[PDB]
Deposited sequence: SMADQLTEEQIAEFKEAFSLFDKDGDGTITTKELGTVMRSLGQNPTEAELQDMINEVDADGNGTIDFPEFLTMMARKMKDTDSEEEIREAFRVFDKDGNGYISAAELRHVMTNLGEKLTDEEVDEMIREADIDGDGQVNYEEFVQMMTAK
């Protein structure tokens, strides 16, 4: 299944990109939703997605169908390299060094917000490949 936060984000994006509020979005704006959720598709793949599902003639996608399409697209799209992209975003220096206090501060204030005191324990140098294990 998908995570609760993921489902909430997908629902909010679907609602935001449903212009007339009928419960469905068209093919034109599906690529914009994909890009908005981070899964920017290629021209060929985007055209494939447009054609395959919407060959029904209606040309609209309801939310359960969108959830299915994104679950498929997320089945194999985020390997370890994309996962460590976010870790490298913090890489001020190329040595793989990140103060654990910096991680606590960023994870609390700048993100989803007590969990950090337990996250750090399992985690002054924090080598990135060390934690992704």
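Could you give the ranges of the deposited sequence that carry no C-alpha coordinates? Counting from residue 1, the stretches without coordinates are 1 to 4, 118 to 120, 131 to 135, 146 to 150.
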